[PDB]
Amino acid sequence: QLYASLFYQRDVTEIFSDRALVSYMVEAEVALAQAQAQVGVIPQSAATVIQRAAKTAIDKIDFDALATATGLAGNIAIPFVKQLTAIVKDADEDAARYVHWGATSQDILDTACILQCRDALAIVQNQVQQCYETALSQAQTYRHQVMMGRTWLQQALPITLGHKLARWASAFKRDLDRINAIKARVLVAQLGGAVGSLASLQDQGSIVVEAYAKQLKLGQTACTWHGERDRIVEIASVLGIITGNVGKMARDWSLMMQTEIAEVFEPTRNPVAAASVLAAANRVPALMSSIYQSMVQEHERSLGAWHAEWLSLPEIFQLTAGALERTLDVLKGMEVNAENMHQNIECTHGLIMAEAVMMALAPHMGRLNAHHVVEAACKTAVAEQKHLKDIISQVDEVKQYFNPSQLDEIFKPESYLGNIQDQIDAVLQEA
């Protein structure tokens, strides 16, 4: 609980709480009774009593009894079914016989898991959508804010803050595409009985799965997937990529907050938001190892791999929604310090503009000749500890082709941004 505030996101944590989990299991049991009554497998009468008794089962369920019983049964569904049955019995000893009719523990657990995933995906998707919108808007606001591009953590050539923001925006848009593309394949119901054959429903199996899926508004699958878990992993893999995208952003803005750089700051000096996001960017990759090992499952119901999913999947959702929430706060209240950006550009005293000077000279001199005059000027500028502009401006060959004013233009960071504006426009359009 003390850490929930630091790393997770309140709504996604609630969706995965013990109380919500049991709520979703109740929902799965109700849909099952309804789907069966609707096709004749059980009397409409029983379904109605179950549907009504359910509305308050959550308040009548003993969570201490449930936890203790879980350790002995090996899963929550078994003791949960006992309790729900006893609850429906105290309302009609007869409807009680139809509670959990034909299902096995994993049907209810996997279905509640998919119901949880459906709801937490909606929240995560909306967070990504706001992050995208906000990054696009800031990219536009600062598309002309010049600053240094850094490679291997060393100043290299100028870029604009808007270009970093456009790069992040486009990454969020690819995440939005990934989320939409997996929904149909992944949000499906689970109902197959003990060995996934629906044997106790005899020849009514396919009819009942179809109506069960429909009641919950989930997809239906061709065959039971108690042992094939690609759908679970697939959902985790997309959350993993989203966490990696904001992890990269948090690495960048906290580096820009170093005392000696101070170009961008987290809204109100410690980078508290970066610390949480970077912790999630450490933890999610480790949880991915786990969710992938969980694919190796024995026959019709695994020993170990399936149990591990109950611990890893929720943690991945919670860290991702938590990391997205802190990233949004930062993208919205981000403080840009234009003076420090200008100052850090002056750090190498014009040496970073060397190649720009060389390109301006190439036409009137031949690239070989241009390269040679600039390299000798850099040596001189370093020996005299002067700005490269001061040295190049007193070189004869050069005065032959450029006035002082043309030289001042050649040395402006803005004059060497290549096609950065085309790239920013290109990402503003894919929107």
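When you see a residue number, it is the position in the sequence shown, counting from 1.
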Gap size between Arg269 and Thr268, counted in deposited residues that the entry leaves unmodelled
10 or more
Decide which of the stretches 227-235 and 88-96 has the higher mean C-alpha B-factor, going by the entry.
88-96
213-221 set against 296-304, stretch whose average Cα temperature factor tops the other in the entry:
213-221
Of the three thirds of its chain by CA temperature factor, lowest, middle or highest, which one includes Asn337?
middle
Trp101: CA B-factor among chain residues, third -> highest
Splitting the chain's C-alpha B-factors into thirds, which one does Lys82 fall into?
highest
If you rank the chain by CA B-factor, which third does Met359 end up in: lowest, middle or highest?
highest
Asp203: CA temperature factor from the record, placed by chain third, in the highest
